[PDB]
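Colleague: Quick one: the structure is below, and I'll ask about it shortly.
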Amino acid sequence: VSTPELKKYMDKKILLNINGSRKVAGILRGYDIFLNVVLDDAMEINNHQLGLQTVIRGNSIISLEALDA
Amino acid sequence: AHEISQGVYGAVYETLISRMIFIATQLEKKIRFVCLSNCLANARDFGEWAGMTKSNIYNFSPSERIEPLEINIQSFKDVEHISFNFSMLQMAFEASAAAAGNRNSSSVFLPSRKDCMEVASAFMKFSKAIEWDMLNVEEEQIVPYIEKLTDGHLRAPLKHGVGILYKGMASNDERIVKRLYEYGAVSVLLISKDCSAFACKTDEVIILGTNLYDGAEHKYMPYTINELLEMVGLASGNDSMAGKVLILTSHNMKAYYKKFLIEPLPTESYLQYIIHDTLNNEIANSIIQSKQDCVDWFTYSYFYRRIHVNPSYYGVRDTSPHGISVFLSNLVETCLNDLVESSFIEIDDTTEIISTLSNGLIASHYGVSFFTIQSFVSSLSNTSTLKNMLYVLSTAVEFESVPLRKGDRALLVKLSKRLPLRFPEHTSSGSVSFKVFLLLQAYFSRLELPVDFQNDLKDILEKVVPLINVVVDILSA
Amino acid sequence: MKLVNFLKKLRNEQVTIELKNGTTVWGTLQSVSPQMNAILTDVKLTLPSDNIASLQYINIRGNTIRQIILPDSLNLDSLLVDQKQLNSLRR
Amino acid sequence: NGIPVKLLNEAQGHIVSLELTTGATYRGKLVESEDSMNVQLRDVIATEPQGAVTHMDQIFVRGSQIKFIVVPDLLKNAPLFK
Amino acid sequence: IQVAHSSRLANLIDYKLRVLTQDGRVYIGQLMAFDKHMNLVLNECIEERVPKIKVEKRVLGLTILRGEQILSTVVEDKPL
Amino acid sequence: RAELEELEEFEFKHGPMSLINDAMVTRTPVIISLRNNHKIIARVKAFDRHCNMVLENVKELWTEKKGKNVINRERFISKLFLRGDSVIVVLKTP
Amino acid sequence: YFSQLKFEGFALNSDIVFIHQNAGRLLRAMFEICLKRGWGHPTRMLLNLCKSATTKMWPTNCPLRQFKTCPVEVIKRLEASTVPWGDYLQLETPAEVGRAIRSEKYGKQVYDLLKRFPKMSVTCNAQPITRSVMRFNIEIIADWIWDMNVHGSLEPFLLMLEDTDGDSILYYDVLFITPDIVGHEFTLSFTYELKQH
Amino acid sequence: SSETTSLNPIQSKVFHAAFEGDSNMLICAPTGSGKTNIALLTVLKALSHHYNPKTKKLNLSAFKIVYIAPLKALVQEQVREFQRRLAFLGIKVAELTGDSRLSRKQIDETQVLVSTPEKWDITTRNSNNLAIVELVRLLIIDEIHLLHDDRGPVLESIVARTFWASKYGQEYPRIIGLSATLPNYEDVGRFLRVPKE
Amino acid sequence: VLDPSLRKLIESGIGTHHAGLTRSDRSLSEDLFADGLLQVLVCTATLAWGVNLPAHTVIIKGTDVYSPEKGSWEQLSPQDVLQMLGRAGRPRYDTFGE
Amino acid sequence: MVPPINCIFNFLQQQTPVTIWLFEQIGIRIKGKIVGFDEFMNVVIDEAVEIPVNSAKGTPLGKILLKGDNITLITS
RNA sequence: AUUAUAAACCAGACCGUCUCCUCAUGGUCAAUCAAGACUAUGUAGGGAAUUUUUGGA
C-alpha cells in the first residue's frame with residue numbers, strides 16, 4: 001500500500017539486474033505500488049537493442065542501480 | 001374420546017364432536033353418537049356436553065377390567081434426564097427372564113429404534129453368561145423364518161430369543177415377527193413407543209423408560225399417560241386371571257403414573273389454543289358473522305362445558321355466569337384481532353359483520369393453522385424463489401408432530417453434504433424446520449434414507465400437499 | 001469450512017512431517033495456526049537411517065510442509081454450520 | 001504494528017549491509033524504509049559470490065527477494081520497544 | 001540442548017535460536033522481535049555454509065531477518 | 001459476512017474442483033502430482049478450498065537415481081495432509 | 001476457606017487443607033439430605049454454602065469474581081459500592097457499566113462478562129389438573145450467552161417448587177440448561193399433589 | 001535403568017509365577033524391596049493377553065489397570081514410576097481426577113489408574129462406573145497390611161465387591177496383594193482366593 | 001519461606017518435618033536431606049507413612065500416643081512402629097540400617 | 001508519466017506489436033499482440049509465437065492467454 | 001501443664017475445555033483544524049493471486 005519512493009529515480013537511466021543473469025537498462029518513465037516498472041528503454045548484454053519502451057513485471061525485478069546518481 | 005385431551009391434535013377431534021353436535025341442533029337431526037373411550041374421571045360432564053342423559057353414560061373404574069393387572073411401578077435415581085439407565089435395564093432383564101422361565105411371554109417398551117438396538121445387544125450380553133438364552137426352539141429352526149434378513153440388524157438380536165419391533169419395517173418382516181410371537185417361538189419382544197398400535201398381546205409388560213427425547217425442546221419428555229395406557233391396555237392371553245406391568249420411571253413421575261394409571265384420566269380441553277384456526281374455519285363457512293355467533297359456537301363445545309368445573313385450569317378468576325361469559329368474550333376478541341392483523345377477516349359497524357379474505361378462506365379450505373398461514377404470508381412475496389418457498393413450507397406449525405431423536409441433528413448435518421439446495425443462514429439447526437427442509441430434499445433427490453428418517457419423511461408428506469397448495473394459492477391471491 | 005480447521009482441533013499429537021525439501025521429524029504438534037504454523041517440542045533430524053543432526057525443539061513456518069501423517073487415525077470434521085444457526089434465538 | 005519494520009524505519013541513516021536470494025551481499029547507507037521492506041542505499045559496495053566485486057553509487061532493492069538485512073548494535077534495547 | 005516445554009513464540013522471546021533458510025545456510029542468533037511473517041530480528045548473526053560433508057562459518061551482521069525464505073527456528077542455549 | 005464466503009461453497013461443485021468434490025463424495029483412486037519428479041495414488045475423503053487435501057490408502061511412487069537410472073521406490077501411507085500448493089494435477093479414474 | 005484465608009501458622013493450614021478437600025462433599029451431602037426432607041430454609045442456604053465451597057468466596061463477594069477473566073480492581077470496586085448486584089446485570093450499555101463500575105476502563109469487557117452471566121426471565125402458571133393434582137407449566141428463558149470455557153458442557157439449575165413461607169419444598173427437580181436451550185423459550189412441567197388442609 | 005541386570009532375592013522366586021499363571025497372587029515382603037518392580041511385571045504380564053507381540057499397536061480399550069495405594073502422596077509417587085516404565089509401550093498412567101460421578105468418564109479412557117483405596121471404593125460403588133470394573137482386569141493392592149488399621153476396612157469392602165458383586169459380567173480380575181512382612185499369610189491368602197502358588 | 005522458628009533449627013543443622021509444616025517448607029525439609037546436607041531430622045510419624053526417604057539411623061521417641069479414638073494415651077501401635085522402622089537403612093547406597 | 005493500470009487501456013486501444021518474456025527457460029520467449037483489460041497481470045494475446053532467441057529460428061505458434069504470474073516483459 | 005496421620009461428593013460424549021495475524025465493533029485513552037496504542041467481542045477474513053504463509057523445483 002505504501003508507495004515506493006521512486007520519484008527520486010524518475011527520468012534517470014537505470015542499470016538493472018533482473019532475475020536470472022539478465023542485465024538490462026532503461027529510463028524510468030513510470031512506476032507503481034506493485035513494482036511493475038513502466039520504463040522507456042530495452043537493451044541486453046557486447047550490446048544490442050531489442051524493443052523501445054518496455055513494461056516489466058515487478059516480481060522479476062530485484063536490483064536497480066541508477067546510472068546518474 | 002379420552003384422546004380429546006392429549007395436546008391439540010386432540011382439540012382438533014374435540015372440535016369435530018362439537019361441530020357434529022351443533023349440526024344436530026341445526027339439522028334437527030336424529031344423529032346417534034357412540035363416544036367410546038377410556039375411564040374418565042369427569043365423564044358425566046363430557047356426556048352432558050355430547051347430547052346425552054345420565055342413563056346412557058357408562059363411566060367405570062379401571063379396576064373393572066377383567067384380566068386383572070398388577071402394575072408394578074419402579075422409580076430410579078438420575079433418570080429424569082435420560083431414557084433409561086443401567087439399573088433399570090437390569091431390572092427389566094430380571095423381570096424378562098422371570099416371564100421366560102415361566103410359561104408367560106413378556107414385551108419391553110422403549111423410545112425408538114436406536115433404543116431397541118441398544119437393549120437388544122445388552123439383553124444378549126445379559127443372557128449369554130446366565131442360564132437362559134433359549135428360544136424355546138432350535139437354532140436351525142429360526143433361520144428358515146428369517147431368510148429375508150431385512151433389516152439385517154434384527155437377525156442377530158432376533159437369533160437368541162429377543163425380537164425387535166420399530167416403526168416402519170418391511171411389512172412382510174413385521175408380519176413374520178408378529179407370527180413368531182403369536183406362534184410361541186420368540187421369547188421377548190422389544191417395542192418402540194411408536195409401535196403401540198401393533199397390538200401383539202403379551203403377559204408381562206416391561207416399560208423401559210417413561211421418558212422420550214425430542215429436539216422439540218432439546219430435552220427428555222415423559223410418556224404422556226395415553227401412550228402408557230396401551231401397555232396397561234394390552235394384557236395377558238395365556239395365563240388367565242393374571243396381568244403384569246413392570247414400569248421403569250422417574251421418582252418425579254411415579255406420582256403421576258401411580259395416580260393416573262389406576263384412577264380415571266382427567267379430561268380437559270385444549271380448544272383454548274387452536275380457536276384461532278377453528279374460529280377462522282367457522283367464519284369461512286359463514287355461520288359466524290358476529291361476536292355473539294362465536295360465543296354460541298363455543299357454547300356448543302367441550303371447552304365451555306368443561307371450563308365451568310376447573311376454571312383455574314383455563315384461567316377464569318371470576319367464575320360467575322357473568323364473569324365466565326366476559327372471559328369468553330375476551331378470548332373471542334383476542335382470536336379475532338389477530339385475524340385482522342393477519343389478512344384473515346374484516347369487521348365494521350352497522351349486529352356487526354364478520355367476513356373472510358383469501359388468506360382466511362384458503363386456510364379454511366386446506367386446513368392449515370392460522371399460525372402457519374401467518375408465517376407463510378410474511379416470507380412469501382413477489383419474486384420469492386423455489387428454495388425460499390421450500391423454506392417457508394418447512395416452517396409450518398404442522399410439523400410439531402415429527403420426532404427429532406437423540407443424535408438426529410448430527411445425522412441431518414451429515415446428510416446436508418449430499419443436498420441440492422441449502423438452508424438459510426438466519427434460522428435454527430435443532431428445529432424441526434431444518435429436518436423438514438432436508439427431508440423434503442431427501443426424497444426429491446432419490447437418496448438412501450435411514451429407516452428412522454423414512455417415517456418422519458412420510459409424516460411430513462402427510463402434511464405437505466395442503467401446505468403446498470396454500471403456498472401456490474396464497475401467491476396467486 | 002477449511003481443512004486447517006481440521007488440524008486446529010488436534011492438540012498434542014506425534015507426527016513425522018514430510019517438509020517440501022524432504023525431512024523426517026517425530027514431534028508433538030501442540031497448537032497449529034490458521035497459517036499452518038505448528039509448534040514441535042521434541043525432534044529428530046535430517047539435513048540435506050538419515051543422520052541425526054542433534055536438535056530438540058522446532059517451531060514450524062507453515063509454508064514448509066508437504067505432508068503431515070500419523071498423529072491420529074480419525075474422521076471428525078464440521079463446526080461453523082452448528083454455531084451460525086443456534087445463535088438465531090431472538091430477532 | 002510489526003516491530004521489525006519500525007526498527008528498520010528508526011535505522012534510516014545507518015550503515016546497513018544486506019544478503020539476497022542469490023547471495024549478492026551489500027553494505028551502504030539506509031535511504032528509506034516502508035511497510036513492505038523496500039530499501040534504497042548510497043555509496044554501496046557490491047561483493048557478490050561470483051568474485052568480481054565493485055563499487056556502486058546508488059542502489060534500490062526489492063523487499064520480497066530479501067533473505068535478511070544487517071543492522072548495527074545501537075538500537076538493541078531502546079528506544080523502539082517501550 | 002536445555003530447552004523446556006515452551007508453548008509459543010511470545011513465551012520463547014529472547015533465546016539464542018538456530019535458524020534455517022531455503023538454500024541450506026544455517027544460522028544462530030538471539031530472538032528479538034516476533035512478527036506476522038516471522039521476520040525475527042537476531043541479536044547477532046553467524047551464518048554457516050556446506051558445499052555441493054562439512055560446515056563453514058561467517059560473521060558480518062546483527063540482522064533484521066525476513067520470513068519468506070525461512071524454514072524453521074530451533075533453540076540452542078538460553079541466556080543468563 | 002456470512003453470504004459473501006458461503007456462496008463459494010457451491011463454487012466447488014460448479015468450478016474446476018467439482019470433479020474432486022465428486023470423487024471425495026464417492027471415494028475413487030486418483031493420480032496425485034508434485035514438484036520434484038513425483039507420482040502419488042489414493043482415494044479421496046475430506047476436501048478444502050485451496051487443495052490442502054486428505055485421502056486414504058496412499059501409495060507414493062518416486063525415484064532416487066545416483067547415476068542415470070530409475071529406482072521406483074514404493075511405500076504405503078495413510079491419513080495424510082498434503083499442502084495444496086504442491087498438488088498440480090488430479091483426476092478421477094474409472 | 002470460604003473467604004480464602006491461607007495461613008502463617010501452618011498447623012491450622014494443614015487442618016484447613018482437610019476441610020478444603022472434604023468441605024464441598026459434606027456440604028453437598030447436607031444439601032441433598034435437606035432436599036430429600038423437603039426443607040426450604042436450609043436447602044437454599046445449603047445450596048449457597050455448597051456454591052461457596054465450590055468457588056471459594058462468600059455471598060457478599062461479587063460474582064464476577066468467579067469468571068477467570070475479570071480484573072482485580074473492578075471486583076474491589078464492585079464489592080464496596082453496596083449496590084444490589086442484580087442492578088449491574090440489568091444494565092444495558094457497556095458505557096453505562098463502565099460509568100458504574102468506578103472504572104470506565106474495562107466497561108465493555110465487564111458487559112461482555114454480564115451477557116456472559118446466567119439469568120432467566122422465568123414464568124410459571126400452574127393449572128389444577130384435579131382436586132389433589134396440580135400441573136405447573138414453567139416457561140424458562142435462558143437470557144445469557146454461553147461460553148465453553150466458562151459455562152461448561154451444561155449449566156445445571158436446581159428448580160424448587162416451595163411453599164408460601166419458603167419453609168418446605170413441595171417438588172423439586174434438577175434440569176440441565178444446555179447451550180442448545182439458551183434463548184429458546186423452553187417449557188418444563190411437573191405435577192404436585194397436595195395436603196388435605 | 002538395568003543397574004544390576006538381575007532381580008532381587010524376592011522377585012527371582014516370584015518372577016516365573018507372576019509370568020506363568022494368572023492366579024490371585026499376594027506378597028508379604030520387606031518394605032521398599034522391589035514391590036513397584038513386581039507390580040510393573042504383573043502389569044506387563046496382564047498386557048500380554050491384549051497387546052500383541054507382532055502387531056505392536058497397544059491394545060488400549062480392553063485392559064484397565066487399578067492400583068490401590070493407601071496414601072495420596074504414595075499414589076503420586078507411584079504414578080510417575082508407572083509413567084517412566086510404561087511410556088515405551090505408550091501407556092497413559094493417570095491418578096484419578098475424580099470430581100463428579102457422571103463426569104467420571106476420563107477414567108474410562110485411561111489405561112492405568114493409581115487411586116486411593118477410599119477413592120477406588122467411591123469409584124467402584126457408583127452406578128455408571130460399572131463399565132469401568134469390567135474393563136478392570138488388574139486390581140493391585142498395595143500395603144494390604146493396612147487391613148489391621150481402621151483404613152483397610154475399605155480394602156476389605158473393595159475385595160468383597162470384586163468377588164461378590166460382579167456376577168452379571170462374571171469374569172473375576174486378577175488380584176495382587178502387596179505388603180510388608182506379616183504373619184497370618186495363610187488367612188490373607190484364604191481371604192483373597194490365593195493358593196500355595 | 002520458613003515460618004515458625006524451625007528456620008533457626010534448619011540453620012543449626014538439625015531440622016524437622018511434621019503435618020504442620022508448609023507444603024513448600026515441608027518439601028524443602030525433605031529436599032534438604034536429598035540434596036544431602038541435613039544432618040538430623042526430628043519428626044512425627046508422617047514421613048514413615050508417606051515418603052520413601054531412608055536414612056541409616058532412626059530413633060523413635062516415646063510410647064504413649066494419644067489417640068482421639070480412645071480419648072486416652074495408648075502404647076505405640078506395632079502397625080505404625082514397623083512402618084517407622086522400615087525407613088531403617090539406605091537400600092541403594094549403604095550396607096545395613098540402625 | 002505513465003501508470004500501468006492505464007497502460008493496459010492504451011494497449012487495448014492501439015493494438016500494438018509485442019514480445020513477451022518467460023521465467024524458467026530464458027531462451028524461449030513469446031511474440032504477438034495484447035488484447036484484454038484485467039486487474040491481475042493476466043492478459044490474453046492473439047497471434048502468439050514462441051521463439052528461441054540467441055542465448056549469447058523458424059518456430060511459429062497459435063493463440064494464447066498467458067498467466068499473470070509468468071509474464072516477464074511487455075513492449076508498447 | 002499441653003495430644004499421632006489421614007482418604008474421600010457432585011455435570012462428560014448426541015457436544016469445537018484452547019489460538020498467531022489483519023479488518024470491523026463499541027469503551028477507553030494519549031492527542032490536533034478529522035488521525036495513533038490498549039483491553040474486549042468472533043459477528044469478518046487470511047491462493048488481497050506480485051512485498052513474505054500457498055510455488056521457481
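Quick note on naming: the chains in the C-alpha cells go A, B, ... in the order shown, residues restart at 1 in each chain, and ligands are numbered from 1 in order of appearance.
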For segment 43-56 of chain C, find every residue with an atom within 10 Å (counting only C-alpha atoms (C1' of nucleotides)), except residues of its own chain fewer than 2 positions away, and show them as an MDAnalysis selection string.

Modeller: (chainID C and resid 15:16 21:28 40:41 58) or (chainID E and resid 1:4 18 23:24 50 52:53 74:76)

Colleague: Please run DSSP on the backbone and report, as JSON, numbers by chain, all residues within chain F that come out as strand (DSSP E).

Modeller: {"F": [29, 30, 31, 32, 33, 39, 40, 41, 42, 43, 44, 45, 46, 54, 55, 56, 57, 58, 59, 60, 61, 62, 63, 72, 73, 74, 75, 76, 77]}

Colleague: With N, CA and C atoms retained, export the selected residues as a PDB file, in the first residue's frame.

Modeller:
ATOM      1  N   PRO F  29      -9.906 -43.785  -6.794  1.00  0.00           N
ATOM      2  CA  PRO F  29      -8.461 -43.544  -6.927  1.00  0.00           C
ATOM      3  C   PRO F  29      -8.106 -42.448  -7.936  1.00  0.00           C
ATOM      4  N   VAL F  30      -7.088 -41.648  -7.610  1.00  0.00           N
ATOM      5  CA  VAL F  30      -6.667 -40.507  -8.438  1.00  0.00           C
ATOM      6  C   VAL F  30      -5.143 -40.368  -8.476  1.00  0.00           C
ATOM      7  N   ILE F  31      -4.600 -39.980  -9.634  1.00  0.00           N
ATOM      8  CA  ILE F  31      -3.162 -39.693  -9.768  1.00  0.00           C
ATOM      9  C   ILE F  31      -2.895 -38.322  -9.153  1.00  0.00           C
ATOM     10  N   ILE F  32      -1.908 -38.261  -8.262  1.00  0.00           N
ATOM     11  CA  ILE F  32      -1.622 -37.079  -7.452  1.00  0.00           C
ATOM     12  C   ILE F  32      -0.184 -36.650  -7.739  1.00  0.00           C
ATOM     13  N   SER F  33      -0.019 -35.457  -8.307  1.00  0.00           N
ATOM     14  CA  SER F  33       1.283 -34.977  -8.784  1.00  0.00           C
ATOM     15  C   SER F  33       1.976 -34.042  -7.791  1.00  0.00           C
ATOM     16  N   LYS F  39       5.013 -38.974  -8.236  1.00  0.00           N
ATOM     17  CA  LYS F  39       3.736 -39.586  -8.648  1.00  0.00           C
ATOM     18  C   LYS F  39       3.102 -40.282  -7.426  1.00  0.00           C
ATOM     19  N   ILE F  40       1.854 -39.940  -7.079  1.00  0.00           N
ATOM     20  CA  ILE F  40       1.184 -40.453  -5.856  1.00  0.00           C
ATOM     21  C   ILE F  40      -0.259 -40.897  -6.170  1.00  0.00           C
ATOM     22  N   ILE F  41      -0.742 -41.942  -5.482  1.00  0.00           N
ATOM     23  CA  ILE F  41      -2.096 -42.501  -5.708  1.00  0.00           C
ATOM     24  C   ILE F  41      -2.848 -42.747  -4.390  1.00  0.00           C
ATOM     25  N   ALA F  42      -4.151 -42.438  -4.379  1.00  0.00           N
ATOM     26  CA  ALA F  42      -5.041 -42.698  -3.227  1.00  0.00           C
ATOM     27  C   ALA F  42      -6.518 -42.369  -3.528  1.00  0.00           C
ATOM     28  N   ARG F  43      -7.399 -42.687  -2.571  1.00  0.00           N
ATOM     29  CA  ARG F  43      -8.841 -42.351  -2.639  1.00  0.00           C
ATOM     30  C   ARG F  43      -9.209 -41.178  -1.713  1.00  0.00           C
ATOM     31  N   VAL F  44     -10.148 -40.346  -2.168  1.00  0.00           N
ATOM     32  CA  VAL F  44     -10.421 -39.025  -1.573  1.00  0.00           C
ATOM     33  C   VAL F  44     -11.423 -39.120  -0.410  1.00  0.00           C
ATOM     34  N   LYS F  45     -11.240 -38.269   0.608  1.00  0.00           N
ATOM     35  CA  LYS F  45     -12.020 -38.326   1.863  1.00  0.00           C
ATOM     36  C   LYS F  45     -12.547 -36.971   2.379  1.00  0.00           C
ATOM     37  N   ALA F  46     -11.652 -36.004   2.600  1.00  0.00           N
ATOM     38  CA  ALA F  46     -12.024 -34.656   3.073  1.00  0.00           C
ATOM     39  C   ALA F  46     -11.463 -33.585   2.137  1.00  0.00           C
ATOM     40  N   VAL F  54      -6.999 -34.321   2.065  1.00  0.00           N
ATOM     41  CA  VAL F  54      -6.810 -35.559   2.842  1.00  0.00           C
ATOM     42  C   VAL F  54      -7.447 -36.729   2.075  1.00  0.00           C
ATOM     43  N   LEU F  55      -6.852 -37.910   2.223  1.00  0.00           N
ATOM     44  CA  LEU F  55      -7.169 -39.072   1.397  1.00  0.00           C
ATOM     45  C   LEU F  55      -7.192 -40.338   2.271  1.00  0.00           C
ATOM     46  N   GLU F  56      -7.072 -41.511   1.643  1.00  0.00           N
ATOM     47  CA  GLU F  56      -6.802 -42.772   2.353  1.00  0.00           C
ATOM     48  C   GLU F  56      -6.114 -43.808   1.457  1.00  0.00           C
ATOM     49  N   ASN F  57      -5.421 -44.756   2.094  1.00  0.00           N
ATOM     50  CA  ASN F  57      -4.796 -45.908   1.418  1.00  0.00           C
ATOM     51  C   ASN F  57      -3.855 -45.478   0.295  1.00  0.00           C
ATOM     52  N   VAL F  58      -2.810 -44.767   0.700  1.00  0.00           N
ATOM     53  CA  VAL F  58      -1.995 -43.966  -0.200  1.00  0.00           C
ATOM     54  C   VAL F  58      -0.708 -44.679  -0.583  1.00  0.00           C
ATOM     55  N   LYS F  59      -0.337 -44.535  -1.855  1.00  0.00           N
ATOM     56  CA  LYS F  59       0.881 -45.110  -2.418  1.00  0.00           C
ATOM     57  C   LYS F  59       1.716 -43.983  -3.019  1.00  0.00           C
ATOM     58  N   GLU F  60       2.946 -43.833  -2.531  1.00  0.00           N
ATOM     59  CA  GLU F  60       3.924 -42.936  -3.140  1.00  0.00           C
ATOM     60  C   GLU F  60       4.728 -43.720  -4.186  1.00  0.00           C
ATOM     61  N   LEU F  61       5.076 -43.067  -5.298  1.00  0.00           N
ATOM     62  CA  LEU F  61       5.869 -43.676  -6.385  1.00  0.00           C
ATOM     63  C   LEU F  61       6.889 -42.670  -6.935  1.00  0.00           C
ATOM     64  N   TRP F  62       8.171 -42.896  -6.642  1.00  0.00           N
ATOM     65  CA  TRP F  62       9.229 -41.909  -6.901  1.00  0.00           C
ATOM     66  C   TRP F  62      10.617 -42.558  -6.949  1.00  0.00           C
ATOM     67  N   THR F  63      11.625 -41.778  -7.347  1.00  0.00           N
ATOM     68  CA  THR F  63      12.960 -42.311  -7.677  1.00  0.00           C
ATOM     69  C   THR F  63      14.135 -41.560  -7.013  1.00  0.00           C
ATOM     70  N   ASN F  72      12.174 -46.907  -8.842  1.00  0.00           N
ATOM     71  CA  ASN F  72      10.815 -46.611  -8.348  1.00  0.00           C
ATOM     72  C   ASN F  72      10.546 -47.227  -6.968  1.00  0.00           C
ATOM     73  N   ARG F  73      10.856 -46.450  -5.929  1.00  0.00           N
ATOM     74  CA  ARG F  73      10.624 -46.853  -4.541  1.00  0.00           C
ATOM     75  C   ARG F  73       9.131 -46.713  -4.233  1.00  0.00           C
ATOM     76  N   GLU F  74       8.620 -47.577  -3.357  1.00  0.00           N
ATOM     77  CA  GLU F  74       7.184 -47.651  -3.062  1.00  0.00           C
ATOM     78  C   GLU F  74       6.924 -47.904  -1.578  1.00  0.00           C
ATOM     79  N   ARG F  75       6.077 -47.071  -0.968  1.00  0.00           N
ATOM     80  CA  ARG F  75       5.715 -47.215   0.447  1.00  0.00           C
ATOM     81  C   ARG F  75       4.282 -46.762   0.731  1.00  0.00           C
ATOM     82  N   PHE F  76       3.601 -47.511   1.599  1.00  0.00           N
ATOM     83  CA  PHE F  76       2.201 -47.258   1.945  1.00  0.00           C
ATOM     84  C   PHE F  76       2.095 -46.148   2.991  1.00  0.00           C
ATOM     85  N   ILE F  77       1.161 -45.219   2.773  1.00  0.00           N
ATOM     86  CA  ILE F  77       0.917 -44.085   3.682  1.00  0.00           C
ATOM     87  C   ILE F  77      -0.601 -43.984   3.919  1.00  0.00           C
TER      88      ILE F  77
END

Colleague: Please identify every residue of chain F that has at least one atom no farther than 10 Å from an atom of chain B, counting only C-alpha atoms, and for each give the shortest atom pair and the distance in Å to one decimal, arranged by chain then increasing number, as a tab-separated table.

Modeller:
residue	atom	partner	partner_atom	distance
F:2	CA	B:425	CA	7.5
F:3	CA	B:425	CA	8.1
F:6	CA	B:425	CA	9.5
F:10	CA	B:422	CA	9.5
F:25	CA	B:418	CA	8.1

Colleague: If I take atom CA of residue 8 of chain I and atom CA of residue 36 of chain I, how far is one from the other in Å, to one decimal?

Modeller: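 Atom-to-atom, atom CA of residue 8 of chain I and atom CA of residue 36 of chain I are spaced 18.3 Å apart.
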
Colleague: Residues of chain E that have any atom at most 6 Å from an atom of chain D: could you tabulate them with the shortest-distance atom pair and the distance in Å to one decimal, using only C-alpha atoms, ordered by chain and increasing number, as a Markdown table?

Modeller:
| residue | atom | partner | partner_atom | distance |
| --- | --- | --- | --- | --- |
| E:35 | CA | D:2 | CA | 5.9 |
| E:61 | CA | D:70 | CA | 5.1 |
| E:62 | CA | D:71 | CA | 5.6 |
| E:63 | CA | D:70 | CA | 4.1 |
| E:64 | CA | D:69 | CA | 5.3 |
| E:65 | CA | D:68 | CA | 4.4 |
| E:66 | CA | D:68 | CA | 5.0 |

Colleague: If we count only C-alpha atoms (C1' of nucleotides), what is near segment 89-91 of chain H at a cut-off of 9 Å, once residues fewer than 6 positions away on the same chain are taken out, given as a PyMOL selection string?

Modeller: chain H and resi 56-58+60+82-83+110-112

Colleague: Tell me which protein, DNA and RNA residues are within 7 Å of residue 62 of chain D, counting only C-alpha atoms (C1' of nucleotides), leaving out same-chain ones fewer than 5 positions away, and put them as number ranges by chain.

Modeller: A: 62-63; D: 38

Colleague: Can you pull out every residue within 12 Å of residue 85 of chain C, counting only C-alpha atoms (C1' of nucleotides), but drop anything in the same chain fewer than 5 positions away, and send it as a list in words?

Modeller: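 What passes the distance filter is residues 409, 413, 423, 424, 425, 426, 427, 428, 429, 430, 431, 433 and 434 of chain B; 79, 80 and 90 of chain C; 2 of chain F; 180 of chain G.
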
Colleague: Could you list, as JSON, numbers by chain, every residue within 8 Å of segment 99-114 of chain B, counting only C-alpha atoms (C1' of nucleotides) and ignoring same-chain residues fewer than 4 positions away?

Modeller: {"B": [83, 92, 95, 118, 132, 165, 166, 167, 187, 188, 189, 190, 191, 192, 193, 194, 202, 203, 204, 205, 206, 207, 208, 209, 211, 212, 213, 238, 239, 405, 452]}

Colleague: Atom CA of residue 171 of chain G and atom CA of residue 195 of chain G, how far apart in Å?

Modeller: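 So the answer is 12.8 Å.
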
Colleague: Please report the interatomic distance between atom CA of residue 371 of chain B and atom CA of residue 326 of chain B in Å with one decimal.

Modeller: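 Atom-to-atom, atom CA of residue 371 of chain B and atom CA of residue 326 of chain B are spaced 25.1 Å apart.
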
Colleague: Would you kindly return, as JSON, numbers by chain, each protein, DNA or RNA residue with an atom no farther than 9 Å from any atom of residue 59 of chain D, considering only C-alpha atoms (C1' of nucleotides) and excluding same-chain residues fewer than 5 positions away?

Modeller: {"A": [63, 64, 65, 66], "D": [39, 40, 41, 42, 43, 44]}

Colleague: Include N, CA and C atoms and write out the residues we just selected as a PDB file, in the first residue's frame.

Modeller:
ATOM      1  N   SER A  63      17.346  -5.766  -8.398  1.00  0.00           N
ATOM      2  CA  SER A  63      18.411  -4.777  -8.210  1.00  0.00           C
ATOM      3  C   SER A  63      18.394  -3.776  -9.361  1.00  0.00           C
ATOM      4  N   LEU A  64      18.498  -2.491  -9.022  1.00  0.00           N
ATOM      5  CA  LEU A  64      18.362  -1.404  -9.991  1.00  0.00           C
ATOM      6  C   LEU A  64      19.230  -0.194  -9.622  1.00  0.00           C
ATOM      7  N   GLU A  65      20.481  -0.229 -10.077  1.00  0.00           N
ATOM      8  CA  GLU A  65      21.429   0.869  -9.892  1.00  0.00           C
ATOM      9  C   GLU A  65      21.110   1.991 -10.879  1.00  0.00           C
ATOM     10  N   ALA A  66      20.801   3.186 -10.373  1.00  0.00           N
ATOM     11  CA  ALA A  66      20.656   4.368 -11.231  1.00  0.00           C
ATOM     12  C   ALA A  66      22.026   4.761 -11.789  1.00  0.00           C
TER      13      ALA A  66
ATOM     14  N   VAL D  39      14.089  -0.976   0.059  1.00  0.00           N
ATOM     15  CA  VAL D  39      15.261  -0.252   0.560  1.00  0.00           C
ATOM     16  C   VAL D  39      16.018   0.435  -0.577  1.00  0.00           C
ATOM     17  N   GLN D  40      16.579   1.608  -0.269  1.00  0.00           N
ATOM     18  CA  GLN D  40      17.483   2.337  -1.169  1.00  0.00           C
ATOM     19  C   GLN D  40      18.766   2.668  -0.400  1.00  0.00           C
ATOM     20  N   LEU D  41      19.891   2.733  -1.117  1.00  0.00           N
ATOM     21  CA  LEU D  41      21.210   2.942  -0.495  1.00  0.00           C
ATOM     22  C   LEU D  41      22.077   3.967  -1.225  1.00  0.00           C
ATOM     23  N   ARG D  42      23.159   4.371  -0.555  1.00  0.00           N
ATOM     24  CA  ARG D  42      24.144   5.324  -1.076  1.00  0.00           C
ATOM     25  C   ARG D  42      25.564   4.811  -0.830  1.00  0.00           C
ATOM     26  N   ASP D  43      26.470   5.101  -1.766  1.00  0.00           N
ATOM     27  CA  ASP D  43      27.885   4.693  -1.689  1.00  0.00           C
ATOM     28  C   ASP D  43      28.051   3.183  -1.482  1.00  0.00           C
ATOM     29  N   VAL D  44      27.246   2.408  -2.204  1.00  0.00           N
ATOM     30  CA  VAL D  44      27.056   0.991  -1.891  1.00  0.00           C
ATOM     31  C   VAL D  44      28.163   0.107  -2.482  1.00  0.00           C
TER      32      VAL D  44
END

Colleague: With a cut-off of 6 Å and counting only C-alpha atoms (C1' of nucleotides), select all residues of chain C in contact with chain K and give the selection as a PyMOL selection string.

Modeller: chain C and resi 33+35+62-63
